[PDB]
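*Asks:* In the entry's author numbering, the protein residues as written are 1 to 66. Handing you a structure now.
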DNA sequence: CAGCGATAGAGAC
DNA sequence: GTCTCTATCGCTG
Ligand SMILES: [Zn+2]
């Protein structure tokens, strides 16, 4: 609905992180951030969310031009 | 033109 | 030396 606010802040229902380069979701339609959706889907087992970090290593980019 | 999945790399001990 | 975790890329419609 145009309010652009499901609630307001699209939040990871698994780790509450507001900072992420790509928003993922759970096969059940629940929103996830980058690592939760990528890790939970790949591992398929509960996980000490304590591995979570508010600091993300910025990587380079295989970009250039041509 | 934008978004997503899958794969691969690096670090620490 | 090995294992694990996470992010970015390329491709398509
Ligand atoms: Zn998350």
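Heads up, the beta-carbon is just placed ideally off N, CA and C, and yes, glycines get one too.
My assumption, with CB atoms under 8 Å, is that residue 49 sits in contact with residue 15. Please give the rounded CB distance.
*Replies:* Taking the first residue of the first chain as 1, we reach residue 49 at position 49. Taking the first residue of the first chain as 1, we reach residue 15 at position 15. Contact between residue 49 and residue 15 holds, with the beta-carbon distance rounding to 5 Å and staying under 8 Å.
*Asks:* Assuming contact is defined by CB atoms lying nearer than 8 Å, are residue 22 and residue 34 in contact in what I supplied?
*Replies:* Here the question's residue 22 lines up with position 22 in the first chain. Here the question's residue 34 lines up with position 34 in the first chain. Yes; because the gap between Cβ atoms is below 8 Å, this pair is in contact.
*Asks:* Got a sec, what are the start and stop residues for the alpha helix (DSSP H) residue 34 sits in?
*Replies:* In the first chain, residue 34 corresponds to position 34, counting from 1. Taken as a continuous stretch (DSSP letters only), the alpha helix (DSSP H) holding residue 34 covers 34-43.
*Asks:* Would you mind sorting residue 8 into buried or exposed? The rule is 16 or more other CB atoms within 10 Å of its CB.
*Replies:* Taking the first chain and counting its residues from 1, the one referred to as residue 8 is at position 8. Exposed, because fewer than 16 other Cβ atoms sit within 10 Å of the Cβ of residue 8.
*Asks:* Spatial neighbours of residue 18 within its chain, please: CB distance less than 7 Å, with the 5 preceding and 5 following residues excluded, ordered by chain position.
*Replies:* Along the first chain, read from residue 1 onward, the residue named residue 18 stands at position 18. So the qualifying residues of the chain are 9 and 11.
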